[PDB]
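Structure record follows, encoded as structure tokens.
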Amino acid sequence: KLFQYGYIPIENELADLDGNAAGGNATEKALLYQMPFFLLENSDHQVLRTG
Amino acid sequence: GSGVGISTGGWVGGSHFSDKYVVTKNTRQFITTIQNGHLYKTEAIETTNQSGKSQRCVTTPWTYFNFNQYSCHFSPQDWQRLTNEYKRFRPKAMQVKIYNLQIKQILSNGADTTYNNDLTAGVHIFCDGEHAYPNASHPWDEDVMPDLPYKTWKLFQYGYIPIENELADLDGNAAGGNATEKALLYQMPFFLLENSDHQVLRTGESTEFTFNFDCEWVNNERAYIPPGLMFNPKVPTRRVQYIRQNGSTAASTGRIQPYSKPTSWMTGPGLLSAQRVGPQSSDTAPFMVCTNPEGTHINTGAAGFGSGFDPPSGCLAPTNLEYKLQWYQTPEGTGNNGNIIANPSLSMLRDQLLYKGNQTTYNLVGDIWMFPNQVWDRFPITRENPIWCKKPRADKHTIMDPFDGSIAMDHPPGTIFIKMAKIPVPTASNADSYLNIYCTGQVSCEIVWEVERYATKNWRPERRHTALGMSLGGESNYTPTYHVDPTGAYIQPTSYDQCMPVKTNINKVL
Amino acid sequence: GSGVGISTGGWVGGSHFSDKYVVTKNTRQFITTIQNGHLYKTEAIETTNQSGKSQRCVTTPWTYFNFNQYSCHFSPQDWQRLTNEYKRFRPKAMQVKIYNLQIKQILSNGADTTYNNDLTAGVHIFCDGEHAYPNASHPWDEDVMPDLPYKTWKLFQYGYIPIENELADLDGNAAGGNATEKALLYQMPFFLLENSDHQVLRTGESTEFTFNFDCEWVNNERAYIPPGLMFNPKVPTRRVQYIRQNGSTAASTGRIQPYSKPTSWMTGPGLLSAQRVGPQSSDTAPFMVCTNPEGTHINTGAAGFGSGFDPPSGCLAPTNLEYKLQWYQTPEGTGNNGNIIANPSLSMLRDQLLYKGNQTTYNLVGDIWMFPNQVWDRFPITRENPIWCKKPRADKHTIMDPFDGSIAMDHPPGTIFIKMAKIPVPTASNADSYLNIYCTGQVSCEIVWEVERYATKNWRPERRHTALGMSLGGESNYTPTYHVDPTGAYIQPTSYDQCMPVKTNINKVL
């Protein structure tokens, strides 16, 4: 039984958004703004039927 | 081999960037269904009827593939890399494939419905490349291919407007008897997609269509100064400025100042005079392009007959929000929710103005027409803009700049029509019952884009589209733009700059 | 032809970007003068003498060309385009030309001085490509070629340190008699650039030097996650975590949680333990790399003998400002004025930490050494960083990562030495008077850079270096970075991000 494919886009506590009112977490949003998102549909791949 | 159980084609996608070319491949999963119960119908399209604006369309059984938008062909990464690294681009060639068809029968007993694959049912597929039938695609439609490759693409029914309704209104009167109005109806064209030859495909079969563009470039380079500043303020000028007597101040002859030299160039055309009208229901545009041949009867007037021309200001500065081009990212979007307003690209060939001075002061010229020595840049298209527009067939036409930014082609890509082959059913009546089926399959559009890289002698850095130009969204609002919500929702750009327009980054010496 | 009145070479400059290559051409106007009155001298370099830190250098008549920095070869435009469009780059080949020499005599009568061109005076030009003489160039020197092509380049005198002073201090004592200390002096090398053969050039003549690099790449791609998150949090793990008894809580055996899997990878080395010392005058670095052979006498101790190793933390997070790499844009810069501090590039192979847990909690490991399975990225070099560093000649050495980011080459580009040929003057005394001349000329460095373009399957946009990342400066503060003040001053970047570092933009799947 195969398992679902997933991946970690970012380190969470770095992106936590927790921050504070004093800092305003600008460097923390910057990590989110560039958080890669991969679709396996970008690449070419084969579609197979029973035969 | 070939047959049931042998896939016809595989999945393609991605993009390959080169110096001369960019090849963007895409594949989607589409679903089309029986439309109108396999009938052609001409019915009136009625609004709330608060105003006499009405429309009449003939709706076909056919559905069609709309590939027209940039969002379909480029990912946000492929777009960013396109608009940052290249000064201009155009679509060399386009190749569409429709394969891996599955026609399944819908069996509904009570509430629960089941799906059984019949395997002998076909689909009709027809590409109109000569444009003999009315064009299905129109810019800024929601029918376009989806952005995300894993979303299903639900095709839309094909219909067209046979006649302008209020011209055909039959309203008339007892005095006129509306003879010229019937004459419009008597010749009202009726198009059947069955006239032409087209392919019928079963599951084992596929089809392919290729298109070759020839069209104008889309220029990504920005003007840093207006063409009026193309001079040198240190060098004196030979010209004279004579100012006629104004009130007490006597007429003065004197050399024009070095820092302000006369420009030989004028503002690109546009119309600021008009304003929008009426409720959201009626056609609201500031200008109405209409046809009113003599003898016909129009009771409602105003925007009832005619279609609105918007945005009215082509190159001019959008003084008001009405003039700014605006759209929605998602069909779920309602007023102020999910709407994107065009903003200045800070290109000095864009957002021009023209002031008519009297003796005392200057005043804004409301509407300016084509005039010699006018130079301007086309709308700074984003990734969500339509790629092309179909130029009408007409004897005469002026310069073609659509103010939405789209390219006007007299032979755009053909519209690919597809529908369920009608499977009749025996019935003792005339009830002409048919079998309920649908087809899903895989369509792949692959376009070859002709690009040319910039080169500059500028010393300084230039603006570039950056991911830092994005905002968070989704539930708990920790997901960036162009990314997926925990529910799975795709986060749409909330601003014009997150759509990464052209004519912003790269500088071009005027 | 050739001679006086025929220019030897023209001006070259600019950059040509390709897919495989980038060729950056530059030409500058340099001026070199008589140094030390044509003498070699070994004098002590003395500070305020609040501490016993001293140095001894032998100063030559020679001056030299330092090409080592990126700011010289790339404009801010060429750099932006380099770091945005390319994942890695290295210097294939380098070509230096020295031409259009002018040797002029300085005639000073009273205050006013005049300049007469003699035309028969030559200049000595010597390139050391075998590195037989001590290296002149050292990273982060102010002697480097100027950024702006129209500024004059004033060369610096060549000198070198023959011996470590406190080892040679002669201080000793009456008991030891410092025998091993004299032994260091007795063999103290003395290098004359006149030993080697070199060219003498007059105005009509020019010269040329070519260099071929072979070195490591400079990688511009960013790590979005740490190597510790290279797993899949949905899949369970087979591993067990046994926790020994702590206080009351009993020892627990249990499967490791799916969301936190063990990493096979560890933090890149670095040293956070040490802190800077003493006044700005003495060498302040947190670690001192020194040599203290037995029998020698050191009275001052501490940083008197040895050179400071900074920044001490190679990959580790710079907990304090002391550890952050920092410099000045302009030699006029004093404390806090015009200083640029390195900031996180937000690369997850950079700014790592390591915590040693006890039973109750985790604590920061101060200094971590080379250990297996350590992966890290080199310093995110900006445009103002040195290109290369000279690797010492030594039997054994560990992995070469200079923490300033520079590339350690065992044969960097040769140092081009140049000086005024001594024109003697008759004097009845021994006063060995000479004729006062200088030479100005045009040097052109042209480097071929080997670049390779990125490709990504990432869907989203990525960060890019944008001109919107700049600040205003100058008088009245309306001039941007990398632009010229009304006085003519060139506006320097005030932040690390305006220097456009690498390892920020482009993503790299770990």
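Quick note on naming: the chains in the structure tokens go A, B, ... in the order shown, residues restart at 1 in each chain, and ligands are numbered from 1 in order of appearance.
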
Write out as a PDB file with N, CA, C and O atoms, in the first residue's frame the residues lying within 6 Å of range 96-101 of chain C, counting only C-alpha atoms and excluding same-chain residues fewer than 2 positions away.
```pdb
ATOM      1  N   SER C   7      48.158  56.443 -30.221  1.00  0.00           N
ATOM      2  CA  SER C   7      47.621  55.800 -29.032  1.00  0.00           C
ATOM      3  C   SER C   7      47.797  54.300 -29.149  1.00  0.00           C
ATOM      4  O   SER C   7      47.649  53.727 -30.231  1.00  0.00           O
ATOM      5  N   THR C   8      48.123  53.660 -28.033  1.00  0.00           N
ATOM      6  CA  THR C   8      48.440  52.245 -28.100  1.00  0.00           C
ATOM      7  C   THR C   8      47.182  51.396 -28.102  1.00  0.00           C
ATOM      8  O   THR C   8      47.104  50.389 -28.812  1.00  0.00           O
ATOM      9  N   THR C 203      56.200  55.680 -23.547  1.00  0.00           N
ATOM     10  CA  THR C 203      54.845  56.102 -23.882  1.00  0.00           C
ATOM     11  C   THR C 203      54.291  55.334 -25.072  1.00  0.00           C
ATOM     12  O   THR C 203      53.128  54.917 -25.060  1.00  0.00           O
ATOM     13  N   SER C 206      53.073  49.430 -24.991  1.00  0.00           N
ATOM     14  CA  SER C 206      52.130  48.909 -24.014  1.00  0.00           C
ATOM     15  C   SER C 206      52.497  47.479 -23.673  1.00  0.00           C
ATOM     16  O   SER C 206      53.453  46.915 -24.206  1.00  0.00           O
ATOM     17  N   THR C 207      51.705  46.889 -22.786  1.00  0.00           N
ATOM     18  CA  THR C 207      51.903  45.516 -22.364  1.00  0.00           C
ATOM     19  C   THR C 207      50.556  44.859 -22.108  1.00  0.00           C
ATOM     20  O   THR C 207      49.521  45.521 -22.031  1.00  0.00           O
ATOM     21  N   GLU C 208      50.585  43.538 -21.985  1.00  0.00           N
ATOM     22  CA  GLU C 208      49.378  42.748 -21.819  1.00  0.00           C
ATOM     23  C   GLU C 208      49.686  41.522 -20.981  1.00  0.00           C
ATOM     24  O   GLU C 208      50.750  40.919 -21.125  1.00  0.00           O
ATOM     25  N   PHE C 209      48.744  41.148 -20.122  1.00  0.00           N
ATOM     26  CA  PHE C 209      48.859  39.966 -19.285  1.00  0.00           C
ATOM     27  C   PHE C 209      47.549  39.202 -19.330  1.00  0.00           C
ATOM     28  O   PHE C 209      46.481  39.798 -19.181  1.00  0.00           O
ATOM     29  N   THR C 440      50.755  58.261 -15.591  1.00  0.00           N
ATOM     30  CA  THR C 440      49.352  57.921 -15.672  1.00  0.00           C
ATOM     31  C   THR C 440      49.140  57.139 -16.954  1.00  0.00           C
ATOM     32  O   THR C 440      49.902  57.280 -17.910  1.00  0.00           O
ATOM     33  N   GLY C 441      48.124  56.295 -16.956  1.00  0.00           N
ATOM     34  CA  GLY C 441      47.868  55.464 -18.101  1.00  0.00           C
ATOM     35  C   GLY C 441      46.515  54.814 -17.970  1.00  0.00           C
ATOM     36  O   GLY C 441      45.766  55.085 -17.033  1.00  0.00           O
ATOM     37  N   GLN C 442      46.215  53.939 -18.917  1.00  0.00           N
ATOM     38  CA  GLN C 442      44.925  53.279 -18.977  1.00  0.00           C
ATOM     39  C   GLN C 442      45.126  51.783 -18.837  1.00  0.00           C
ATOM     40  O   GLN C 442      45.797  51.164 -19.665  1.00  0.00           O
ATOM     41  N   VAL C 443      44.558  51.212 -17.784  1.00  0.00           N
ATOM     42  CA  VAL C 443      44.572  49.778 -17.558  1.00  0.00           C
ATOM     43  C   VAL C 443      43.174  49.259 -17.834  1.00  0.00           C
ATOM     44  O   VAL C 443      42.188  49.902 -17.471  1.00  0.00           O
ATOM     45  N   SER C 444      43.085  48.123 -18.511  1.00  0.00           N
ATOM     46  CA  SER C 444      41.804  47.513 -18.813  1.00  0.00           C
ATOM     47  C   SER C 444      41.826  46.060 -18.388  1.00  0.00           C
ATOM     48  O   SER C 444      42.589  45.262 -18.937  1.00  0.00           O
ATOM     49  N   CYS C 445      40.987  45.717 -17.421  1.00  0.00           N
ATOM     50  CA  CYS C 445      40.781  44.337 -17.016  1.00  0.00           C
ATOM     51  C   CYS C 445      39.538  43.815 -17.713  1.00  0.00           C
ATOM     52  O   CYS C 445      38.478  44.438 -17.645  1.00  0.00           O
TER      53      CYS C 445
END
```

Once you count only C-alpha atoms, which residues of chain B turn out to be within 9 Å of chain A? Could you give them as an mmCIF file with N, CA and C atoms, in the first residue's frame?
```cif
data_model
loop_
_atom_site.group_PDB
_atom_site.id
_atom_site.type_symbol
_atom_site.label_atom_id
_atom_site.label_comp_id
_atom_site.auth_asym_id
_atom_site.auth_seq_id
_atom_site.Cartn_x
_atom_site.Cartn_y
_atom_site.Cartn_z
ATOM 1 N N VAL B 4 -9.416 0.457 -26.759
ATOM 2 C CA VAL B 4 -9.730 0.580 -25.346
ATOM 3 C C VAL B 4 -8.622 -0.064 -24.534
ATOM 4 N N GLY B 5 -8.192 0.618 -23.483
ATOM 5 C CA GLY B 5 -7.140 0.094 -22.647
ATOM 6 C C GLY B 5 -5.743 0.500 -23.044
ATOM 7 N N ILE B 6 -5.588 1.275 -24.108
ATOM 8 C CA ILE B 6 -4.301 1.818 -24.512
ATOM 9 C C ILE B 6 -4.435 3.328 -24.498
ATOM 10 N N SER B 7 -3.730 3.986 -23.580
ATOM 11 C CA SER B 7 -3.838 5.431 -23.466
ATOM 12 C C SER B 7 -3.328 6.075 -24.736
ATOM 13 N N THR B 8 -3.996 7.141 -25.161
ATOM 14 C CA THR B 8 -3.646 7.726 -26.443
ATOM 15 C C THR B 8 -2.446 8.649 -26.320
ATOM 16 N N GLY B 9 -2.374 9.413 -25.238
ATOM 17 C CA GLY B 9 -1.251 10.301 -25.028
ATOM 18 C C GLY B 9 -0.970 10.435 -23.551
ATOM 19 N N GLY B 10 0.211 10.958 -23.250
ATOM 20 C CA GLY B 10 0.650 11.158 -21.886
ATOM 21 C C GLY B 10 0.435 12.596 -21.460
ATOM 22 N N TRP B 11 0.841 12.899 -20.237
ATOM 23 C CA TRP B 11 0.705 14.244 -19.708
ATOM 24 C C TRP B 11 1.937 15.059 -20.063
ATOM 25 N N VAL B 12 1.730 16.282 -20.540
ATOM 26 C CA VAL B 12 2.835 17.198 -20.777
ATOM 27 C C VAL B 12 2.600 18.460 -19.972
ATOM 28 N N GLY B 13 3.686 19.152 -19.666
ATOM 29 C CA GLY B 13 3.591 20.383 -18.913
ATOM 30 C C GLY B 13 4.968 20.971 -18.730
ATOM 31 N N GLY B 14 5.002 22.101 -18.040
ATOM 32 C CA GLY B 14 6.243 22.788 -17.775
ATOM 33 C C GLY B 14 6.550 23.851 -18.806
ATOM 34 N N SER B 15 7.770 24.354 -18.735
ATOM 35 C CA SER B 15 8.242 25.366 -19.659
ATOM 36 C C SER B 15 9.735 25.204 -19.849
ATOM 37 N N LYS B 25 4.234 24.222 -22.001
ATOM 38 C CA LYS B 25 3.379 23.068 -22.175
ATOM 39 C C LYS B 25 2.403 23.015 -21.015
ATOM 40 N N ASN B 26 1.178 22.603 -21.295
ATOM 41 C CA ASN B 26 0.148 22.504 -20.278
ATOM 42 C C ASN B 26 -0.782 21.378 -20.668
ATOM 43 N N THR B 27 -1.356 20.718 -19.672
ATOM 44 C CA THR B 27 -2.330 19.672 -19.909
ATOM 45 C C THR B 27 -3.391 19.812 -18.837
ATOM 46 N N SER B 75 3.043 29.659 -15.526
ATOM 47 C CA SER B 75 2.956 29.651 -14.082
ATOM 48 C C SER B 75 3.437 30.991 -13.563
ATOM 49 N N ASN B 100 -7.112 10.749 -24.545
ATOM 50 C CA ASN B 100 -7.564 10.052 -23.348
ATOM 51 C C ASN B 100 -9.022 10.359 -23.044
ATOM 52 N N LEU B 148 -4.331 26.290 -12.331
ATOM 53 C CA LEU B 148 -3.686 25.153 -11.707
ATOM 54 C C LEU B 148 -3.837 23.922 -12.580
ATOM 55 N N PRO B 149 -2.757 23.229 -12.906
ATOM 56 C CA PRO B 149 -2.871 22.069 -13.795
ATOM 57 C C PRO B 149 -3.685 20.923 -13.228
ATOM 58 N N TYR B 150 -3.907 20.884 -11.920
ATOM 59 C CA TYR B 150 -4.637 19.763 -11.352
ATOM 60 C C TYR B 150 -6.120 20.041 -11.177
ATOM 61 N N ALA B 467 9.055 38.126 -5.258
ATOM 62 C CA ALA B 467 8.068 37.470 -4.413
ATOM 63 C C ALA B 467 7.816 38.272 -3.149
ATOM 64 N N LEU B 468 8.744 39.159 -2.793
ATOM 65 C CA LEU B 468 8.510 40.062 -1.676
ATOM 66 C C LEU B 468 7.374 41.026 -1.971
ATOM 67 N N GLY B 469 6.876 41.024 -3.198
ATOM 68 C CA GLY B 469 5.778 41.874 -3.600
ATOM 69 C C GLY B 469 4.428 41.220 -3.421
ATOM 70 N N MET B 470 4.338 40.268 -2.498
ATOM 71 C CA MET B 470 3.169 39.420 -2.336
ATOM 72 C C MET B 470 2.605 39.636 -0.944
ATOM 73 N N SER B 471 1.398 39.125 -0.720
ATOM 74 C CA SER B 471 0.739 39.243 0.571
ATOM 75 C C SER B 471 0.235 37.884 1.020
ATOM 76 N N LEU B 472 0.054 37.738 2.330
ATOM 77 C CA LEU B 472 -0.467 36.500 2.890
ATOM 78 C C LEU B 472 -1.980 36.428 2.745
ATOM 79 N N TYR B 478 -1.623 32.646 6.803
ATOM 80 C CA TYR B 478 -0.197 32.372 6.688
ATOM 81 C C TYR B 478 0.216 31.856 5.309
ATOM 82 N N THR B 479 -0.705 31.767 4.356
ATOM 83 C CA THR B 479 -0.346 31.288 3.028
ATOM 84 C C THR B 479 -0.085 32.448 2.082
ATOM 85 N N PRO B 480 1.004 32.417 1.324
ATOM 86 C CA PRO B 480 1.304 33.515 0.406
ATOM 87 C C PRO B 480 0.388 33.482 -0.805
ATOM 88 N N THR B 481 0.563 34.476 -1.666
ATOM 89 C CA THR B 481 -0.108 34.481 -2.957
ATOM 90 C C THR B 481 0.386 33.310 -3.793
ATOM 91 N N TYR B 482 -0.453 32.831 -4.708
ATOM 92 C CA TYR B 482 -0.054 31.777 -5.638
ATOM 93 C C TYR B 482 0.286 30.485 -4.906
ATOM 94 N N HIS B 483 -0.327 30.273 -3.747
ATOM 95 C CA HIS B 483 -0.040 29.111 -2.924
ATOM 96 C C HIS B 483 -1.356 28.544 -2.419
ATOM 97 N N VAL B 484 -1.308 27.378 -1.793
ATOM 98 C CA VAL B 484 -2.537 26.653 -1.489
ATOM 99 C C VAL B 484 -2.874 26.709 -0.005
#
```

When you look at residue 4 in chain A with a cut-off of 10 Å (counting only C-alpha atoms), what residues show up, excluding the ones that are within fewer than 6 positions of it in the same chain? I need them as a PyMOL selection string.
chain C and resi 232+234-235

Near residue 8 in chain A, within 9 Å and counting only C-alpha atoms, which residues show up once chain neighbours fewer than 6 positions away are dropped, as an MDAnalysis selection string?
chainID C and resid 225 229:233

Any chance you can output those residues with N, CA, C and O atoms as a PDB file, in the first residue's frame?
```pdb
ATOM      1  N   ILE C 225      14.388  25.161   2.858  1.00  0.00           N
ATOM      2  CA  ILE C 225      14.260  24.491   4.150  1.00  0.00           C
ATOM      3  C   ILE C 225      15.630  24.010   4.593  1.00  0.00           C
ATOM      4  O   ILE C 225      16.543  23.838   3.772  1.00  0.00           O
ATOM      5  N   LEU C 229      14.666  19.094   7.469  1.00  0.00           N
ATOM      6  CA  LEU C 229      13.270  18.895   7.091  1.00  0.00           C
ATOM      7  C   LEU C 229      13.105  18.142   5.781  1.00  0.00           C
ATOM      8  O   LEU C 229      12.022  18.094   5.224  1.00  0.00           O
ATOM      9  N   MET C 230      14.180  17.543   5.298  1.00  0.00           N
ATOM     10  CA  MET C 230      14.143  16.799   4.049  1.00  0.00           C
ATOM     11  C   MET C 230      13.274  15.552   4.087  1.00  0.00           C
ATOM     12  O   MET C 230      13.324  14.742   3.171  1.00  0.00           O
ATOM     13  N   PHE C 231      12.490  15.378   5.140  1.00  0.00           N
ATOM     14  CA  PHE C 231      11.640  14.201   5.224  1.00  0.00           C
ATOM     15  C   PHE C 231      10.199  14.510   4.827  1.00  0.00           C
ATOM     16  O   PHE C 231       9.862  15.603   4.372  1.00  0.00           O
ATOM     17  N   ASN C 232       9.337  13.510   5.012  1.00  0.00           N
ATOM     18  CA  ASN C 232       7.911  13.580   4.726  1.00  0.00           C
ATOM     19  C   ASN C 232       7.133  13.391   6.015  1.00  0.00           C
ATOM     20  O   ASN C 232       7.116  12.278   6.554  1.00  0.00           O
ATOM     21  N   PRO C 233       6.469  14.421   6.535  1.00  0.00           N
ATOM     22  CA  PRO C 233       5.837  14.286   7.856  1.00  0.00           C
ATOM     23  C   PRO C 233       4.624  13.376   7.884  1.00  0.00           C
ATOM     24  O   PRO C 233       4.154  13.024   8.970  1.00  0.00           O
TER      25      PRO C 233
END
```

Long-range neighbours of residue 288 in chain C as a PyMOL selection string, 6 Å cut-off, only C-alpha atoms, 6 positions minimum in chain:
chain C and resi 306-309

Just the selected residues (C-alpha atoms), exported as a CSV table (one decimal), in the first residue's frame, please.
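Saved as part-v8.csv:
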```csv
chain,number,residue,atom,x,y,z
C,306,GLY,CA,49.2,36.6,16.2
C,307,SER,CA,46.6,37.8,13.9
C,308,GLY,CA,42.9,37.8,14.6
C,309,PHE,CA,40.5,35.3,13.0
```

Do you know which residues are at most 8 Å from residue 19 in chain A counting only C-alpha atoms, after dropping those on the same chain fewer than 5 positions away, and could you put them as a PDB file with N, CA, C and O atoms, in the first residue's frame?
```
ATOM      1  N   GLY A  24       6.941  43.344  14.455  1.00  0.00           N
ATOM      2  CA  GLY A  24       6.107  43.378  13.271  1.00  0.00           C
ATOM      3  C   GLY A  24       6.463  42.295  12.277  1.00  0.00           C
ATOM      4  O   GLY A  24       5.930  42.272  11.164  1.00  0.00           O
ATOM      5  N   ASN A  25       7.400  41.427  12.669  1.00  0.00           N
ATOM      6  CA  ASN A  25       7.855  40.246  11.936  1.00  0.00           C
ATOM      7  C   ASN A  25       7.979  40.466  10.431  1.00  0.00           C
ATOM      8  O   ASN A  25       7.344  39.771   9.635  1.00  0.00           O
ATOM      9  N   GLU A  28      10.069  37.666   8.970  1.00  0.00           N
ATOM     10  CA  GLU A  28       9.323  36.421   9.071  1.00  0.00           C
ATOM     11  C   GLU A  28       8.352  36.273   7.914  1.00  0.00           C
ATOM     12  O   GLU A  28       8.178  35.174   7.378  1.00  0.00           O
TER      13      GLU A  28
END
```

Between B:406, B:83, B:398, B:284, single out the one closest to chain C, counting only C-alpha atoms.
B:83

The distance between CA of residue 243 in chain C and CA of residue 369 in chain C is 26.8 Å

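Counting only C-alpha atoms, every residue of chain C that comes within 7 Å of chain B is listed here: residues 75, 76, 77, 80, 458, 459, 460, 461, 462, 463, 464, 465, 466, 467, 468 and 482 of chain C.
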
Can you spit out the residues from that selection as an mmCIF file, in the first residue's frame, using N, CA and C atoms?
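Final output, saved to result.cif:
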```cif
data_model
loop_
_atom_site.group_PDB
_atom_site.id
_atom_site.type_symbol
_atom_site.label_atom_id
_atom_site.label_comp_id
_atom_site.auth_asym_id
_atom_site.auth_seq_id
_atom_site.Cartn_x
_atom_site.Cartn_y
_atom_site.Cartn_z
ATOM 1 N N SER C 75 28.897 46.319 -13.004
ATOM 2 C CA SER C 75 28.081 47.451 -12.622
ATOM 3 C C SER C 75 26.926 46.949 -11.779
ATOM 4 N N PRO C 76 26.197 47.842 -11.112
ATOM 5 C CA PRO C 76 25.014 47.379 -10.381
ATOM 6 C C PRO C 76 23.973 46.747 -11.284
ATOM 7 N N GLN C 77 23.905 47.186 -12.536
ATOM 8 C CA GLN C 77 23.025 46.542 -13.495
ATOM 9 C C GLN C 77 23.549 45.170 -13.877
ATOM 10 N N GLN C 80 23.006 42.860 -10.781
ATOM 11 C CA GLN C 80 21.611 42.470 -10.648
ATOM 12 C C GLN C 80 21.240 41.413 -11.667
ATOM 13 N N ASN C 458 9.470 24.988 -9.423
ATOM 14 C CA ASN C 458 8.675 25.752 -8.478
ATOM 15 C C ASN C 458 7.548 26.470 -9.203
ATOM 16 N N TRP C 459 6.366 26.477 -8.596
ATOM 17 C CA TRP C 459 5.221 27.141 -9.205
ATOM 18 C C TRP C 459 5.243 28.634 -8.933
ATOM 19 N N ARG C 460 5.558 29.009 -7.704
ATOM 20 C CA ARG C 460 5.389 30.357 -7.217
ATOM 21 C C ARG C 460 6.440 31.311 -7.760
ATOM 22 N N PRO C 461 6.245 32.612 -7.573
ATOM 23 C CA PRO C 461 7.321 33.554 -7.846
ATOM 24 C C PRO C 461 8.438 33.413 -6.834
ATOM 25 N N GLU C 462 9.608 33.916 -7.200
ATOM 26 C CA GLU C 462 10.753 33.929 -6.309
ATOM 27 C C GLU C 462 11.236 35.354 -6.100
ATOM 28 N N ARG C 463 11.939 35.558 -4.997
ATOM 29 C CA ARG C 463 12.548 36.846 -4.715
ATOM 30 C C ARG C 463 13.548 37.210 -5.800
ATOM 31 N N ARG C 464 13.647 38.501 -6.097
ATOM 32 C CA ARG C 464 14.631 39.020 -7.032
ATOM 33 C C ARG C 464 15.161 40.344 -6.512
ATOM 34 N N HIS C 465 16.396 40.664 -6.881
ATOM 35 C CA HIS C 465 16.952 41.947 -6.492
ATOM 36 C C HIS C 465 16.337 43.041 -7.340
ATOM 37 N N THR C 466 15.687 43.983 -6.679
ATOM 38 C CA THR C 466 14.901 45.004 -7.343
ATOM 39 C C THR C 466 15.414 46.376 -6.948
ATOM 40 N N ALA C 467 15.267 47.336 -7.860
ATOM 41 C CA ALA C 467 15.689 48.697 -7.559
ATOM 42 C C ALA C 467 14.794 49.322 -6.504
ATOM 43 N N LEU C 468 13.596 48.771 -6.314
ATOM 44 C CA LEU C 468 12.741 49.224 -5.227
ATOM 45 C C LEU C 468 13.354 48.913 -3.872
ATOM 46 N N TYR C 482 23.562 54.142 -5.956
ATOM 47 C CA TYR C 482 24.245 53.848 -7.214
ATOM 48 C C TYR C 482 24.045 54.966 -8.232
#
```
